[PDB]
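Structure first, then comments.
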Amino acid sequence: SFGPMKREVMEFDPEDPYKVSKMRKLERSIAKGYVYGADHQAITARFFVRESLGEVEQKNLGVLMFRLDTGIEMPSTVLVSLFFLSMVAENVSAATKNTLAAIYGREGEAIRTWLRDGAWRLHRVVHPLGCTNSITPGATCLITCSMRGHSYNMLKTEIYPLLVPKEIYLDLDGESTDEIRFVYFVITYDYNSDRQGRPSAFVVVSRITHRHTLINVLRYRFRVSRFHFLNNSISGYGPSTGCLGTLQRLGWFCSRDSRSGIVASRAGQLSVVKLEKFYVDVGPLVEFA
Amino acid sequence: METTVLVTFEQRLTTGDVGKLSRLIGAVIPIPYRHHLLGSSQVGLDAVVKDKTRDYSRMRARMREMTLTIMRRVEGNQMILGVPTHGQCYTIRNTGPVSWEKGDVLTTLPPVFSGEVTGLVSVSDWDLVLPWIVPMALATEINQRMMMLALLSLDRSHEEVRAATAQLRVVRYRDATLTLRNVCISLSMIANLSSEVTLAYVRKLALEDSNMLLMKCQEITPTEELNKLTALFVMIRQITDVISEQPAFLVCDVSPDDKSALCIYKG
Amino acid sequence: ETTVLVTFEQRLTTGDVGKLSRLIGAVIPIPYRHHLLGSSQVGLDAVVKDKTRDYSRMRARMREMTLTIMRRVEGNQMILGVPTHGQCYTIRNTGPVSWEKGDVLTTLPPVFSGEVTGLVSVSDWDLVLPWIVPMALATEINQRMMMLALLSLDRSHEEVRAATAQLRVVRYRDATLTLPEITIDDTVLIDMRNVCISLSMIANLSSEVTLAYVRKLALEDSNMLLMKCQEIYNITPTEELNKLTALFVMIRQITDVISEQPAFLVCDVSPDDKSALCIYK
Amino acid sequence: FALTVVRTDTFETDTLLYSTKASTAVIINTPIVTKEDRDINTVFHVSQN
Amino acid sequence: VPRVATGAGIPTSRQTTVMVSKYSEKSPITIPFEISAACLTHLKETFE
């Protein structure tokens, strides 16, 4: 009669999860010409980045961005690359540290040496923001940063990889196989003298998905820091420190694509690890000890 | 497009009150349980903020059960809501006391009436008291201040300990300052019982040491033996239920005037 | 890949496929995650018939399994859609727990109250499904494995067995299951160490306010938690902030020892209490 | 004591096969084409039992 | 079966009904087949 004839119309929209997204994008691509940014299951965001922060990320494309909780109220949020906090971690060779300290450091950075090495990492200043595509060099660098999904050129023309530097990677490179490979991100402290240590950063890949079975393979690596973590528990009574390690999901990639590379930048080059089909997927913090 | 929850206005929403709901188009909504029709008495957090003996964590144990939902549009007699698809971006409205910044992880917390007691479009005791979508590192911070004030709450009789509490409820974050029981029993059962029960277990394990860490770990009735460890581990479960704040968002970019922020939804 | 078409590869019956036709929406783990798999890999049973066969090795094994959802069971084709992280999926109950809407579910190896025929022992191979328990029964059944492994440290040979039988009948919601005759294994032992180390550091960080809180509360209050726990100053708050926080590093870790992976989070439960809309792998 | 040392050897071989006329009646059907989509590639799985 | 009723004292074979039902076996074939999104984009896109 009336009721059931209307409900056939809301039933028989089959073969698609809604056919609400796909059809209504087309009725605005017929309206406005072929629209970009619409055939995009991955998820991006445009960010205002200064010229003194604009480097690297601009030239070679597809790389991590990090927020700062810098303890100064006026520039309280400074963008940080995964290349950038290599001048903080203990893992990075001092040549490799001062290679990129001379890339960034040209008269618009070196506060951020003094307010990351000095204003120490509490592993809460850094926030995994995401990976880049399509830098906009102009009066202001304007980085389209991907959030969930792959980093890629518009027009789906080229998958942008994840540019992991070599020093932060091979000290926690996983085991060798050909599967899917989750990228985790680990900050470990060596509590020795200076209230945080020299806060060591790691990009760790592993086939392991589960949480405590993943920190157990870190319980292999980090006894040198873990025995020092127990040390300041008794070296200082009243003062305490915090976390030993800090684990969070960062994304994944296809694991046959894991191959070395290099960036070709100012102040010399920089040996990196190129992770091609990098689905960016940020996870929560796992504070452990 | 997405999931839909309709809210039937049991109370008469004046067009001016609709004018305030049509300003909160982005804002989150605490829903008690996923269902397509809900009352306005269901929708919102006022059914949680209501008891003579109701504690902060017990409300947080209730709100952790409540499904987060996002306002979609207010059409007169109805409020249309969307249960957010995990992983998608959502324009949520910064109705917390804290300015958000690009890349931060946002956590839902119950609103505290300590110096910032707030209501809404209220008629017949129902307002739409809205949870503080607060950054995650401050969400753990707020929790820790509440427990340490409560751990020091029994020793009001010392003014110096009261002066220790006087610093303690001062919570200060980026561009924001705000003022702030069995959970503290749960803190104390772990603090006292792990002091006593570990000594017969460190001296037995410290011989074999694979990670080489039991060595300075020493530097740091079987029915009643297990009864301690049972009521050790179960109180550890009770505190971890009210510690792990289950992160709710990730602000990618913030809309100007700090009213809104596009937030990719996580967890 | 996401959709997993499955070869049966055994000689199934009409009475087999009738059971799975009503079981559409069950949880099947797969190790390899192809589009085309065989039932040697598909299913959980092929590792619970091991020869050691304790809960210590089955629980740590299947966290490398990849869970799937039963779809389109007609004849010999099994559509198993690999769920994605954060979509709503319904799940048919595999174990008798009512799942109590609004909570996190997990993965329990096998019932291990005997060896249940998960479908039918077809050619001496049944297809056994994991239990999906609401994370309270998961943490508790993993707690008692380490409770009774700490017990066997300081007992001779019988007060283990007189106190395991005290603690093995786990009376949970709709279920009274059994601890699997607790075998002392080294995956427990590497993690029983770190638990004993985590208990040690909380004693270090307990800065005489967190300590004396119950022992000051019993003088003033008379509570049920306060009386059962009877049997069982400084002007430095900023330092007490850091000691309590470092204490919170430990208890979020020592819970994570005995807790499991968070998995399917309940959207809705049917009044049949069998099919359960759930999100969040 | 003495000792028996067993050892296997993998001999890689051409193994010929003879089967009579129309031995096994294969029954097949049309290859179904399912379709997975990603951000960047569409993976068609074509299968028939 | 054949049947031969002969001999005296020799135990004869009574007439034997051998009834026999075979069974089938299943093996699916599957190739996976990839097309990039940029390949299917140019089917959609169609510039000047």
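Things worth noting here:
- So A:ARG226, is it of a type in the set (D, E, K, R) and either assigned to a helix (DSSP H, G or I) or surrounded by fewer than 17 Cβ atoms within 10 Å (Cβ to Cβ) (or both): yes
- Residue match in the stretch B:165-178 (condition: among the small types (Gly, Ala, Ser) and surrounded by 16 or more Cβ atoms within 10 Å (Cβ to Cβ)): no
- Test: residue in the stretch B:107-126 that is in contact with a helix residue (DSSP H, G or I) (Cβ under 6 Å, 6 or more places away or on another chain), within 11 Å of another protein chain (Cβ to nearest Cβ), not hydrophobic (A, V, I, L, M, F, W, C) and not in a loop (DSSP other than H, G, I, E, B): yes
- Any hit, the stretch A:33-42, residues being within 14 Å of chain B (Cβ to nearest Cβ), polar (S, T, N, Q) and part of a loop (DSSP other than H, G, I, E, B): yes
- Consider the stretch A:160-171 and keep the residues that are surrounded by 21 or more Cβ atoms within 10 Å (Cβ to Cβ) and aliphatic (A, V, I, L, M). The one that is farthest from A:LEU61 (Cα to Cα) is A:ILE168.
- Criterion (out of contact with any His (no Cβ under 8 Å at 6 or more places or on another chain), assigned to a strand (DSSP E or B), over 21 Å from A:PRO284 (Cα atoms) and within 14 Å of chain C (Cβ to nearest Cβ)) met by exactly one of B:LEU38, B:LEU81: B:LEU38
- The one condition in (1) within 23 Å of C:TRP131 (Cβ to Cβ); (2) in a loop (DSSP other than H, G, I, E, B) that C:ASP16 fails to fulfil: (2)
- Unique match (being within 14 Å of chain C (Cβ to nearest Cβ), part of a helix (DSSP H, G or I) and more than 18 Å from B:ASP241 (Cα to Cα)) among B:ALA137, B:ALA163, B:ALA61: B:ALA163
- Residue among A:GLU167, A:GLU158, A:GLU175, A:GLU179 that alone is within 14 Å of chain E (Cβ to nearest Cβ) and out of contact with any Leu (no Cβ under 6 Å at 6 or more places or on another chain): A:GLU158
- For the condition over 22 Å from C:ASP256 (Cβ atoms), surrounded by 18 or more Cβ atoms within 10 Å (Cβ to Cβ) and of a type in the set (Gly, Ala, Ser), B:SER255 does not qualify.
- Scanning the stretch B:182-196 for residues that are of a type outside the set (S, T, N, Q) and either under 32 Å from the mean Cα position of the chain (by Cα) or facing another protein chain (nearest Cβ under 7 Å) (or both) gives B:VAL183, B:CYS184, B:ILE185, B:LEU187, B:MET189, B:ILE190, B:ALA191, B:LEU193.
- Checklist (1) within 14 Å of another protein chain (Cβ to nearest Cβ); (2) within 16 Å of the chain's Cα centre (by Cα) applied to A:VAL56, failing item: (1)
- Qualifying positions in the stretch A:129-149 - crowded, with 24+ Cβ neighbours inside 10 Å and either over 16 Å from A:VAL282 (Cβ atoms) or more than 18 Å from the chain's Cα centre (by Cα) (or both): A:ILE143
- Scanning the stretch A:229-249 for residues that are within 7 Å of another protein chain (Cβ to nearest Cβ) and either touching a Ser or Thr at 6+ places or on another chain (Cβ under 9 Å) or buried (at least 21 other Cβ atoms within 10 Å of the Cβ) (or both) turns up A:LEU230, A:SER233, A:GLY238, A:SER240, A:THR241, A:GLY242, A:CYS243.
- Pick from the stretch A:251-276, criterion in contact with a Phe, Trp or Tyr (Cβ under 6 Å, 6 or more places away or on another chain) and within 14 Å of chain C (Cβ to nearest Cβ), ranking: farthest from A:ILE187 (Cα to Cα): A:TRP252
- Given (1) surrounded by 19 or more Cβ atoms within 10 Å (Cβ to Cβ); (2) part of a loop (DSSP other than H, G, I, E, B), number of the condition B:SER210 does not satisfy: (1)
- The test for being hydrophobic (A, V, I, L, M, F, W, C), within 11 Å of another protein chain (Cβ to nearest Cβ) and over 25 Å from A:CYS243 (Cα atoms) holds for A:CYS145.
- Scanning the stretch A:218-258 for residues that are within 27 Å of C:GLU1 (Cα to Cα) and among the hydrophobic types (A, V, I, L, M, F, W, C) yields A:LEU247, A:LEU250, A:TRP252, A:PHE253, A:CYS254.
- Residue under evaluation B:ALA47, criteria (1) touching a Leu at 6+ places or on another chain (Cβ under 9 Å); (2) of a type in the set (A, V, I, L, M, F, W, C); (3) closer than 27 Å to B:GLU245 by Cβ, criterion not met: (1)
- Some residue of the stretch B:213-236 being more than 8 Å from every other protein chain (Cβ to nearest Cβ), in contact with a helix residue (DSSP H, G or I) (Cβ under 9 Å, 6 or more places away or on another chain), surrounded by 21 or more Cβ atoms within 10 Å (Cβ to Cβ) and among the hydrophobic types (A, V, I, L, M, F, W, C): yes
- Among the residues making up the stretch C:237-262, a single one is hydroxyl-bearing (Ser, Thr, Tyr), more than 7 Å from chain B (Cβ to nearest Cβ) and in contact with a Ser or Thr (Cβ under 9 Å, 6 or more places away or on another chain): C:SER259.
- Check on A:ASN98, within 19 Å of A:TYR279 (Cβ to Cβ) and either away from chain E (no Cβ under 14 Å) or of a type outside the set (A, V, I, L, M, F, W, C) (or both): no
- Matching residues in the stretch A:191-218 - criterion: being within 23 Å of the chain's Cα centre (by Cα), under 22 Å from C:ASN194 (Cβ atoms) and not polar (S, T, N, Q): A:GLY197, A:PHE202, A:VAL204, A:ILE208, A:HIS210, A:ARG211, A:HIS212, A:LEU214, A:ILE215, A:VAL217, A:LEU218
- When the stretch C:88-129 is filtered for residues that are of a type in the set (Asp, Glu), over 20 Å from C:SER56 (Cβ atoms) and more than 17 Å from the chain's Cα centre (by Cα), the ones remaining, listed by number, are C:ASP124, C:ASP126.
- Test for C:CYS278: is it buried (at least 16 other Cβ atoms within 10 Å of the Cβ), outside any loop (DSSP other than H, G, I, E, B) and either at the interface with chain B (Cβ under 9 Å from one of its Cβ atoms) or of a type in the set (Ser, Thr, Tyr) (or both): no
- Members of the stretch A:72-110 that are surrounded by 19 or more Cβ atoms within 10 Å (Cβ to Cβ), among the β-branched types (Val, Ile, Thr) and not in a helix (DSSP H, G or I): A:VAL78, A:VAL80, A:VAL88, A:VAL92
- Residues located in the stretch B:145-195, provided they are of a type in the set (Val, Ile, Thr) and touching a helix residue (DSSP H, G or I) at 6+ places or on another chain (Cβ under 7 Å): B:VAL161, B:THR165, B:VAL171, B:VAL183, B:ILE185, B:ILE190
Ideal geometry is used to build each Cβ from the backbone, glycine not excepted, and the neighbour counts take in all protein chains shown. Each reported figure results from applying straightforward, stated rules to the coordinates on display, with no laboratory input.
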